[PDB]
Amino acid sequence: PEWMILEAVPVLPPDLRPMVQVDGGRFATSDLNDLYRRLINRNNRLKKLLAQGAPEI
Amino acid sequence: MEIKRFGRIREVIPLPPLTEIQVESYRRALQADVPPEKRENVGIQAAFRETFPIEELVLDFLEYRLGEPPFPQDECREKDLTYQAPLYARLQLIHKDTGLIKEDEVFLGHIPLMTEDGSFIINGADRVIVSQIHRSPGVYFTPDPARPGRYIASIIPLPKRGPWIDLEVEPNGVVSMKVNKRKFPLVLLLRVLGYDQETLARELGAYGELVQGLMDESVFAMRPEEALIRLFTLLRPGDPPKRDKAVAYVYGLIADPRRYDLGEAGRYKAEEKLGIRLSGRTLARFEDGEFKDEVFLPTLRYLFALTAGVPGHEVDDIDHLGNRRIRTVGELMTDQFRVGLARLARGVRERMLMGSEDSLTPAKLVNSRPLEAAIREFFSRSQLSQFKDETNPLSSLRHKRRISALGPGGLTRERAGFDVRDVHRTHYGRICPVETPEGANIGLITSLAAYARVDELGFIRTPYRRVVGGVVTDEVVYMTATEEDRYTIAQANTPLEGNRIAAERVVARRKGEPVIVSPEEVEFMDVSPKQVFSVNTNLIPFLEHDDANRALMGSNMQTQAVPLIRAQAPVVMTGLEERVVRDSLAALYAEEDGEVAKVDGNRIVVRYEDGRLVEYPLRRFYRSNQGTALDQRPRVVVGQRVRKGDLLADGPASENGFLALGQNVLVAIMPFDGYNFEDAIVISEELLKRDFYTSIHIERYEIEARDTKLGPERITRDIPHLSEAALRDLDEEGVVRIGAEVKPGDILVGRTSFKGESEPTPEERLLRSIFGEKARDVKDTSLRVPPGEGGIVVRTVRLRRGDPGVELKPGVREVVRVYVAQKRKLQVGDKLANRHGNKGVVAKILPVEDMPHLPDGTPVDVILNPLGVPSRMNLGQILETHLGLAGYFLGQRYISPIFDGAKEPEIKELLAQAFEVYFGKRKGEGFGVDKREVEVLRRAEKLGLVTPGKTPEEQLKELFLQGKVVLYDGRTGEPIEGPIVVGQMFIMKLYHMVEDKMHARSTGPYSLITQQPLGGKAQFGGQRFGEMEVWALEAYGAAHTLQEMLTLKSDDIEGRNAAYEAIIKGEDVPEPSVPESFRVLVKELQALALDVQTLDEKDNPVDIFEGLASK
Amino acid sequence: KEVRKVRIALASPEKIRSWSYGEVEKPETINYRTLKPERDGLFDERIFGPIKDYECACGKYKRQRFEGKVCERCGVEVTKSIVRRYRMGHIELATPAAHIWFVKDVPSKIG
Amino acid sequence: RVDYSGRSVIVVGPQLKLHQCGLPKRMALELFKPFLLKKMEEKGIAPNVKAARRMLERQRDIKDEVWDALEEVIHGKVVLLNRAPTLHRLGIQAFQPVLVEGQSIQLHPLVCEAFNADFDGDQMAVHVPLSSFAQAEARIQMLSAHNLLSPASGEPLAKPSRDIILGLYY
Amino acid sequence: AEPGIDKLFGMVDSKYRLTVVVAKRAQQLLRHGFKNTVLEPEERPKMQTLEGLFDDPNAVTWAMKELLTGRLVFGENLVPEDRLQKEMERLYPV
Amino acid sequence: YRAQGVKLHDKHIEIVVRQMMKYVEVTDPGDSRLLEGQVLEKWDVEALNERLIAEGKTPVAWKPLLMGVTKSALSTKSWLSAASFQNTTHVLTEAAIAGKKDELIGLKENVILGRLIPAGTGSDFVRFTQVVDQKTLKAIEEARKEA
Amino acid sequence: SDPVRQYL
Amino acid sequence: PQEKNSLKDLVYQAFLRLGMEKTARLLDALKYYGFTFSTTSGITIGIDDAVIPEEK
Amino acid sequence: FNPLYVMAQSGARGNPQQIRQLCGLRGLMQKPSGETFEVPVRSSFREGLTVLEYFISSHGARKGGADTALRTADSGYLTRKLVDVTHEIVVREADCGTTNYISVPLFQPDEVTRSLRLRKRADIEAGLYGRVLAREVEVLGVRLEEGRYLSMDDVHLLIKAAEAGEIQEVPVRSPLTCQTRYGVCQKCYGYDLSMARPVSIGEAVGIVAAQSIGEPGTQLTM
DNA sequence: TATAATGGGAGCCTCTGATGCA
DNA sequence: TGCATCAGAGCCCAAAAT
Ligand SMILES: [Mg+2]
Ligand SMILES: [Zn+2]
Ligand SMILES: [Zn+2]
């Protein structure tokens, strides 16, 4: 039952959430990358707040 | 030629300016021509006044001004620019402490300008802002669906300008108020407004059982401060009930004109419904430190009175056009303007904290980017901002008059049921009952009626003539639906001698209900039958004889008519086709009286009374949004005396100033060897020979050359590995020359791109070594003609970087545009239609000798199958054909108005005069009746068509009065065994043409993630074989056909490669492999933390990733 | 062997880590100047595989004679680029997080 | 989405036999293109497949023997015609194509009812079954002439209607 | 309608088995270059070119005609697959 | 359908109603591992009950259950089938907890996998059918005689 | 239910 | 007179008795002649072809 | 030989109500509420309507158009549900061996006469045609054997037998009673209705059922 | 890296199934 | 135990999208 709680969160392969240069040299990218980025930022910040002994709030 | 017009109805007023719904709305919004001190608080002005003053230092609004457009309209379309004006605002920054005042005029960016015809130019493309129908703000009482003897009171303000409030009498008896999904007893809110039990008991006591449900002792115990804090804790749980915080929230919810706006229409409807007068657009006020009520007590009084059944209290019909209003261009744009302004204001307050609190100007305080963005977003990406339909001039005129219930602030398509889509009785004279889309949007997209106009409040009004005594005045009163319901209105065709009603009983409407009435009871009378229908619908002759379902298609299809090089106005018109060309702005007219000085293909110079010499340049072969050619032709000659309003040039699809959407062709109604089957149409090659139904089309092609990390793209004539045969028509610079004929595969603009760094495969190493030729650094990226396209090159535009007047988007060295034109003859698969909803695709083009023909040798043009008529019940096309026959021999055209038209006797009369020309001529020329004409006459008297005993001439005339003639089969020479209906019909070539739709693909582009073929003809796409197509293959049991669709012909990469290689080698196609999108699905489920495992019969893992994804 | 069955099951943190070819430690995507992927970011070639067939990132080992080699300098395996559609990464959370399907799908399975 | 597919406007083809359709030649050249490349090699039209493809790329380089080669390529083969919505299995039927000048697909009158097709501007999609197995399935199971009775009612589906009824009645 | 389709449906318990037999036979003909055919020179399906009559290239047309002759034997478990494949390549190489 | 003049064979409607009646609810578990109120396919409890009644055990008492086409479709044994229908997260969480194995019995499962469906020419009944010509047939026969 | 409101 | 119903029955009966191939042949024949006669028959629609009964 | 009459009579085009609107009167029209106007349209399309008649008529046209539009989605969804529930049902064997069957009634109890009367032809044909007989049936001196696929002739015989008081219901193999797992069997299914002959093992019968029920969906009411 | 600064902001259908109250 | 209330689940296809 504890597998329903995640410790390691999987990261989908990049070609399935691509960052591609379109015709004009502009970049177009899948929304998952922004969702992963939100996740990573908050996780890293959590590691840092923990290391610095932040208050419980 | 002669034009004989029928009908006795005299319409006292002409049609209004047809685009006024657009033009006037926007004029009012910008108030550009009003000097600032004289502006009303409306539109852009009202938005500024709402946003300012920005309190926090205080920044105040003085006035705004609009500059001139940096570039004219033609230039904007050329350069892909928006036609717009610079917006400035004089703002003064004040320090309330010091008194210091710095005042400055800040530049807010640009605002788009409407052209003369009511459209916009946004990034080079013409756009239309479609009006949006919606619920009028106000106070409504609707029945409660759950509890029959109860009602719901809804207080509705303008969109985004406040919450809706719902008043209900709960089963427990206490009157509840619902705001932002929370409910509470209304008694609490009444106490905050300062009401006491004494005032409320005496006021509402008359309605017995309800007032006691309002009485709550605990609420009256607490003073207005305690009741206000109590309400704030109910509405915003968890937010600390600071007394200043509660006042602020409740003020913002009720009395704040910035956060709460009832309409001006909202105010009038409330005042009219509840019988009070509002000091403003808010439900209450904040005055002398407390809240003072305006609306709540009157709605509560009416609500109880309705539940109790007090006379004079009604529920509201919410689909009535008194309760439904239009939001036009000005209002929609102003709304987004108000939004951008609020964002800009947020930035101001945020800038009024930071920086130096001492040295600040308005230029330092204001960032206009939020405003520019809000407007830019509305015009480009809004749903109500649509690519203009300019297939033909009538297309855009109709587009400007459309009404949508969709869009921001409106209905979704699934959430829209029957009630909204219905033709309400109040649509009469306001919204056309006919012109609406077939399909999912039916009843949601509608069209403004011809005589209808939108008032300042946004309600559609329609004209009626006053009738006093029995006398019909010429004074017309424009009425809303609500005011129309008061009177008894006679039909427009009721007989008149002079101004007096000549009938003992008249046909009228009272609240839409038809009734027979005395001339003494007649208060008003319709202006015309034209007022019930849209402009497109008003263009259908004999509309009274057509079932509405086909008239719908007839209306809509005129929109799709292609401008023809030979276009003609119909021989049977309705009398609106001149006005449509004039309001369309396609045709060119003379300003004042004068004499024509010069006439050219390119220009017309006119010398007026003033002596001033005016030159009119003509738009020649310009490409519309849909690629039809807009081109103007001079209709006057050097030295011609013209009056004011005389035609100078014909626009597209007009003939001598009359709307020309098609051609007048000779039609025979008869089956023909099944080429007529199930709406297909047979046409004569003579139509192509004489260039009927030929249309010019222009396609625009574009290519960019940009900087890369690998080196420059270059537009050049030097392209690797191409023969001189391939480069023949390219100039020195690599652009195809004007006048060249280009076919699919041909280079339009030559271009090279630097090869992405790659190591040549050992095969290429060996190949290069064998032939001794260096692999070039650059690759051929040239723009070529796509499959199925091509024509003559009529224009090229080249824009480089670093040349005067032009700056491209970052990285782009140069841009080339090639305009390719084509003269399109009518062909098999092209779609024809008449104005009655008869539509069909051309299935056969016969040589002239096979065409059925008249005794005198004339072949018919088109053969239409009679099987299309009886189920469709559009008989107007038949009457059009009969009258068209008379006109063919008499050499005349007719104007038959809608519902007051040419009737059968009159058409017979013309047919008799026509028969004299068709026959009497022959008898003088020394020919008698034909043997085969006798045989047809024999079968005809067996049919009861002709009277027995009459002469052959007399019988032929009897048939001709029925619109039937003797017809010879061009193949045999023998007659058709019965007399056949033949005449002139007006038929249009629609915008759906096989040249555009034909597509095929072997292999081609695949999608990034799925590796499935792309979609659409423009992408070289594959057809979608969808869920339902798979069911079909499944029901056939075609397992291998289906498996091919799912693997080798789609995303099976190994499989599709192997299949191609096998076919070019003559081998049979190999067994398919795993579709790549299944691998995507597995990996997507792994990303969701689910383990998906393919297993064999032994339940052991099977690796469909072939070891590549496992360590 | 032939596929006769498809099983779907919950994935342990161990299994998720066995799938993973690396941990994505940074929100970075690709370098704004070089346009190559940023190390330890979402597109990293050391984790999800090479962008180009049988060619490492820095370009020391460019052909199939090395297949399975991992460039000491650039850290990329030399294999087919197709693997960027297949190889999974992972994020190591500082606090466990519930998988919402097992929370919000009523009646909740965890609940 | 699938390869070896196309779409066009449909037009009535009274002269067709029940197992036939009119297929525009320019569509057929693309749909069968790989087959055509092979056939263009057997006959001498091109040295090899690479040269053959390059010759078909430019429309002005296409000569008259390739049209004859394409007739040979498609010989005895059928294609699938589909019209949306595909409500039942007769929304797809197989026909032996008869190459035509012109850009319209020609549809046999008797199948219009099952497809709910008419000539007011309807379009249909074409598909090429590739393998011998797929082609066998199409010719045996899916061919229009082999499906004459409704799988729903058992009554005739392909039957006289409109003009046909009219002549016979008269 | 395919020539003799009613008789072809007569020969099988399930219309789908006819399709399997036709398809497999056509694959045999293609693989072995038609030289394993059971037809006689005058029974060969023909195709009219600009030159004149040539052999029908279509293996599915061929296979159905062959079936109608009666000279083909079809069923399940008639012979091991490898043995069939090797015996056909011995009699008619590629 | 009759009122609209649509001739349609009862046979087809019967196929659907049959799928509507596919499931039963356990009234008493008997000697089995099943629970009271547990829902399962009618086939499986009939099979279980003949294994129990032939084993000398008290059979499961069950009740007929009627469910609409949507619920029945969502309840089918195949999780690829059910999850591609609708209610994808619900279907997928219950399937993943249970460790469900899709046996690829129906059409949708094989279509998703790009497999050859179990119908028509893909039916196991006609799929393995061999063709051989009389010359090769006798040739093979003589080869088998010489061993 | 509202993470901002809760934190506040 | 042959009409929709009689002609539908004919096709069905032909299918039972003669089979697909012949019924396919029969349908094309019915198609051919039906079309042929319909064009020469002199079927048309004029406004006088909608005949108002005196009884109205 | 009038063209309208001939087209209508032959079934080439037209029906009586459409002809009535052309040569007759248009008739009663309904308000948006569904309530009928008291005054009818006395005009026919040949005579031509009055703007008021035309306007009164638009309400029903529009209501019809909206009906139609909202129906194609509802039917489509229905069809997709049907497909998802029947897709696995395939004819997987020749005989499941069941002894169970269903008895198709030839008589419906009439409430108004409160006695049995004969079911309509088409109704009986839809329940009988192409079915295998479950039990032996002897009527009118004919033996319809157990296991016989009923030809349309066989059905007409049973109808004639029922009119002669010989048989009130017919025992028949049906998918309701079939014991085949994951599908039906040849006998319980019957005719492949498109071939007028026993269904072939392997026919995807479930899909065909969903397509057969779903295709007319847009023709019902809303 | 230093005057003091201390709680946000937008908001508008039908059926089915579980859950929280008589 | 029997009944409202609410949260969450769905709502045709293909074409096209300028
Ligand atoms: Mg159509
Ligand atoms: Zn490296
Ligand atoms: Zn059975």
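Basis of the calculations
Residues numbered from 1 in each chain as written, not as in the entry; some residues may be left out. Chains lettered and ligands numbered in written order. Part of a larger assembly, values for the part shown. Heavy atoms only, no water. Contact = heavy atoms within 4.5 Å. Buried area = accessible area lost by both parts, 1.4 Å probe. Salt bridge = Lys/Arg side-chain N within 4 Å of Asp/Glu carboxyl O. Donors = N, O, S within 2.8 Å, 3.2 Å for Na, K, Ca; no water. Patch = residues over 30% accessible without salt bridge, like charges linked within 9 Å, V, L, I, M, F, W, Y side chains within 5 Å. Areas by Shrake-Rupley, 256 points an atom, 1.4 Å probe, with all protein chains shown as cover. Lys, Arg positive; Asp, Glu negative; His and termini not counted. Charge placed at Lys NZ, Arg CZ, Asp CG, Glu CD. Helix = DSSP H or I, 4+ residues; strand = E, 2+ residues; numbered from the N terminus. Buried < 20%, exposed > 50% of the residue type's maximum accessible area, 1.4 Å probe, protein only. Near = heavy atom within 4 Å. Polar contact = N/O pair within 3.5 Å; in protein donor to acceptor, adjacent residues only side chain to side chain. Nonpolar A, V, L, I, M, F, W, Y, C, P; charged D, E, K, R; others polar. Core = buried A, V, L, I, M, F, W, Y, C linked by side-chain atoms within 4.5 Å. Pairing = 2+ DSSP bridges. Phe/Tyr/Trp six-rings, centres within 6.5 Å; stacked < 30°, edge-to-face > 60°. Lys NZ or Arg CZ within 6 Å of the ring centre and 35° of its normal. Expected span 1.5 Å × (residues − 1). Arc of directions from axis to C-beta. Axes fitted to C-alpha atoms, helices over the stretch in contact; angles between N-to-C directions. Tetrahedral: all angles 85-135°; square planar, octahedral: opposite > 155°, others 65-115°.

If you check the PDB entry, chain H appears there as DNA-directed RNA polymerase subunit beta' from Thermus thermophilus.

Within the PDB entry, the label attached to chain F reads DNA-directed RNA polymerase subunit beta', and the organism entered is Thermus thermophilus.

Even after reading the chapter, I still don't get the interface of chain D and chain I, so can you show me in this structure?
Interfaces are frequently sized by the accessible area removed from exposure as the parts join. Across the contact, 14 residues belong to chain D and 18 residues belong to chain I. Overall, the association of chain D and chain I removes approximately 1,600 Å² of surface from exposure, summing both partners, and the carbon and sulfur fraction of that is 61%. Contact with chain I buries surface across chain D, with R89, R162 and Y169 of chain D losing the most and accounting together for 34% of the total. On the surface where chain D and chain I come into contact, there are one salt bridge.

Help me out: how do you make sense of the coordination of the magnesium ion (ligand 1) in this one?
Four donors placed tetrahedrally around a metal ideally meet at 109.5 degrees, and six donors placed octahedrally ideally meet at 90 or 180 degrees. Donor atoms from the polypeptide that bind the magnesium ion (ligand 1) are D118 of chain D (OD), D120 of chain D (OD), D120 of chain D (OD) and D122 of chain D (OD), placed at 2.1 to 2.6 Å. Written as a sequence motif, the donor arrangement for the magnesium ion (ligand 1) is D-x1-D-x1-D.

So what exactly am I meant to see when it comes to a negative patch on the surface here?
Judged by side-chain charge, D64, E65, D68 and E71 of chain D together with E51 of chain E come together as a negatively charged surface patch. Take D68 of chain D: it is sitting in helix 4 (residues 65-73). Residue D68 of chain D is classed as partly exposed on the basis of its relative accessible area, which comes to 30%.

In this structure, what is going on with the protein's contact with DNA strand K? I would like to understand it.
Around DNA strand K lies a shell of 21 residues, among which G1016, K1017 and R1024 of chain B, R1 of chain D together with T72 of chain I are the nearest. Near the protein, within 4 Å, the atoms of DNA strand K are sugar or phosphate in 66% of cases. At a separation of 2.6 Å, a phosphate oxygen of DNA strand K approaches a polar side-chain atom of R1 of chain D. By residue number, the principal contributor to the surface near DNA strand K is helix 3 (residues 51-86) of chain I, which donates four residues.

Got a minute to help me understand the protein's contact with DNA strand J in this structure?
Around DNA strand J, a shell composed of 19 residues is seen, among which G162, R236 and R415 of chain B together with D2 and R5 of chain G lie nearest. In the interface set of DNA strand J, defined as its atoms within 4 Å of the protein, sugar plus phosphate atoms amount to 23%. Between a base nitrogen of DNA strand J and a side-chain N or O atom of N180 of chain B, the distance comes to 3.2 Å. A distance of 2.6 Å separates a sugar or linking oxygen of DNA strand J from a polar side-chain atom of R415 of chain B. Residue assignment for the surface near DNA strand J shows that the elements contributing at least two residues are helix 9 (243-253) of chain B together with helix 1 (3-7) of chain G. Of the residues that constitute the surface near DNA strand J, the class distribution is seven nonpolar, three polar and nine charged.

Explain the nonpolar core here, please?
Most often, soluble globular proteins keep nonpolar side chains buried together rather than apart. Judged by nonpolar contacts, the single largest core of 171 residues is most densely connected at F32, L70 and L107 of chain D together with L128 of chain I. Looking at this core, the element that brings in the most residues is helix 2 (residues 15-32) of chain E, giving eight residues. When sequence neighbours within four positions are dropped, the list of residues in contact with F32 of chain D reads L23, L70, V73, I74, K77, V79 and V128 of chain D. Grouped together as the second largest cluster of nonpolar side chains are 123 residues, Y478, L539 and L661 of chain B together with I43 of chain H included.

Can you help me understand the sheet that holds strand 35 (residues 633-634) of chain B in this one?
Hydrogen bonding along the main chain pairs the strands of a sheet, whether they run parallel or antiparallel. All names here are of chain B. In spatial order, the strands read 29-37-35; together these three strands make up an open sheet with antiparallel pairing. Here the strands that pair on one side only, and so sit at the sheet edges, are strand 29 (588-589) and strand 35. Taken together, the two bridges between strand 35 and strand 37 (residues 647-650) define a ladder with antiparallel strand orientation. Across the sheet, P634 pairs through a bridge with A649, a residue of strand 37.

I tried to follow the packing of aromatic side chains on my own but got confused; where do I start?
For any pair of aromatic rings, geometry is given as the distance between the ring centres together with the angle between the planes. Inspection of the entire model under this criterion finds 36 aromatic pairs over all chains. Between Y61 of chain C and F66 of chain C the ring centres are 4.8 Å apart and the planes differ by 85°, which places this aromatic pair in the edge-to-face class. Just as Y61 of chain C is buried, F66 of chain C falls in that class too. One aromatic cluster is present, built from ring pairs that chain together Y888, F889, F915, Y918, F919 and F960 of chain B. A cation sits over an aromatic face here: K1083 of chain B above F1105 of chain B, 4.8 Å from the ring centre.

Explanation requested: helix 14 (residues 369-381) of chain B in the structure shown.
Along an α-helix, residues three or four positions apart point the same way, because every turn accommodates 3.6 residues. Residues and elements named next belong to chain B. An ideal rise of 1.5 Å per residue puts 18 Å on 13 residues; helix 14 measures up with 17 Å between its terminal C-alpha atoms. Looking only at helix 14, the buried set comprises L371, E372, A374, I375, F378 and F379. Projected down its long axis, helix 14 shows its buried positions confined to an angular sector of 160°, all on one face. Facing away from the buried side of helix 14 by over 90 degrees, the exposed positions are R369 and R381.

Just to check I follow, could you spell out the sheet that holds strand 3 (residues 84-94) of chain B for this structure?
All names here are of chain B. Strand order in the open sheet formed by three strands is 2-3-4, and the pairing between neighbours is antiparallel. Bordering the open sheet on either side are strand 2 (58-66) and strand 4 (101-112), each of which pairs with just one other strand. When the angles between neighbouring strand axes are averaged without regard to direction, this sheet yields 25°. As paired elements, strand 2 and strand 3 share eight bridges and run antiparallel to each other. Paired with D60 across the bridge in strand 3 is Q92.

Help me understand a nonpolar patch on the surface, please; the structure alone is not making it clear to me.
Together, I57 of chain A together with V4, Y7 and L8 of chain G make up a nonpolar patch on the protein surface, roughly 590 Å² of accessible area in all. When its relative accessible area of 80% is taken as the criterion, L8 of chain G is described as exposed.

Just to check I follow, could you spell out the side chain of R89 of chain D for this structure?
Relative to the assigned elements, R89 of chain D resides in the loop between strand 3 (79-82) and strand 4 (92-100). For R89 of chain D, the contacting residues outside a window of four places in its chain are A1032, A1035 and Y1036 of chain B, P151 of chain D together with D192, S194, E203, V208 and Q211 of chain I.

Hey, could you run me through the coordination of the zinc ion (ligand 2) in this one?
Residue and element names in this part refer to chain C. Looking at the zinc ion (ligand 2), the protein donor atoms are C56 (SG), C58 (SG), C71 (SG) and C74 (SG), and they sit 1.9 to 2.1 Å from it. Angles of 97 to 127° at the metal separate the four donor atoms of the zinc ion (ligand 2), which places the site in the tetrahedral class. In terms of primary sequence, the donors binding the zinc ion (ligand 2) are separated according to C-x1-C-x12-C-x2-C. By relative accessible area, which is 10% here, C74 ends up buried.

How do you make sense of the pattern of salt bridges when you look at a structure like this?
Pairs may arise between side chains of opposite charge once their charged atoms sit close together. Inspection of the entire model under this criterion finds 162 salt bridges over all chains. In this structure, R39 of chain C engages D40 of chain C in a salt bridge whose closest nitrogen and oxygen atoms are separated by 3.8 Å. Look at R39 of chain C and you get exposed, because its relative accessible area is 57%. In this structure, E66 of chain E engages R25 of chain E in a salt bridge whose closest nitrogen and oxygen atoms are separated by 2.5 Å. Residue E66 of chain E is located in helix 3 (residues 59-69), and its partner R25 of chain E is located in helix 2; the two are separated by 41 residues in the primary sequence. Taken individually, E66 of chain E and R25 of chain E each receive the classification buried, so the pair is uniform in this respect.

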